[PDB]
């Protein structure tokens with residue numbers, strides 16, 4: 001399944017992942033493309049932060065959805 005990722009810079013990028021992918025493996029995909037360490041990024045959906053070791057299936061995230069990519073800093 002594919003989806004779109006939106007950052008604070010208003011950048012939109014599409015990623016290919018499996019519904020059984022772990023928040024880790026997925027972060028790895030993000031790091032590989034954005035080169036941003038996973039320890040500096042946080043992923044949130046449905047107002048909830050994804051926990052490490054869990055699969056997407058855990059979080060009813062279906063195909064073609066918008067994921068929120070937040071950096072280490074909460075904001076300005």
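Here Cβ is always computed from backbone atoms with ideal geometry, including for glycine, and neighbour counts include all displayed protein chains. Every number in this text was worked out from the coordinates using simple rules, so none of it is lab data.
Observations on the model:
- Residues that are part of a strand (DSSP E or B), free of Cβ contacts under 8 Å to residues at least 60 places away in the same chain and under 21 Å from residue 11 (Cβ atoms) are absent from the stretch 54-68 altogether.
- Positions within the stretch 23-60 being over 25 Å from residue 74 (Cβ atoms) and in contact with a helix residue (DSSP H, G or I) (Cβ under 9 Å, 6 or more places away or on another chain), in sequence order: 55
- If you go through the stretch 4-22 and keep only what is surrounded by 12 or more Cβ atoms within 10 Å (Cβ to Cβ) and either out of contact with any helix residue (DSSP H, G or I) (no Cβ under 8 Å at 6 or more places or on another chain) or touching a residue at least 24 places away in the same chain (Cβ under 8 Å) (or both), you end up with 4, 5, 6, 7, 8, 17, 18, 19, 21, 22.
- Residue in the stretch 40-47 that is at negative phi and either exposed (fewer than 11 other Cβ atoms within 10 Å of the Cβ) or assigned to a loop (DSSP other than H, G, I, E, B) (or both) present: yes
- Any hit, the stretch 50-68, residues being touching a strand residue (DSSP E or B) at 6+ places or on another chain (Cβ under 6 Å) and over 20 Å from residue 1 (Cβ atoms): no
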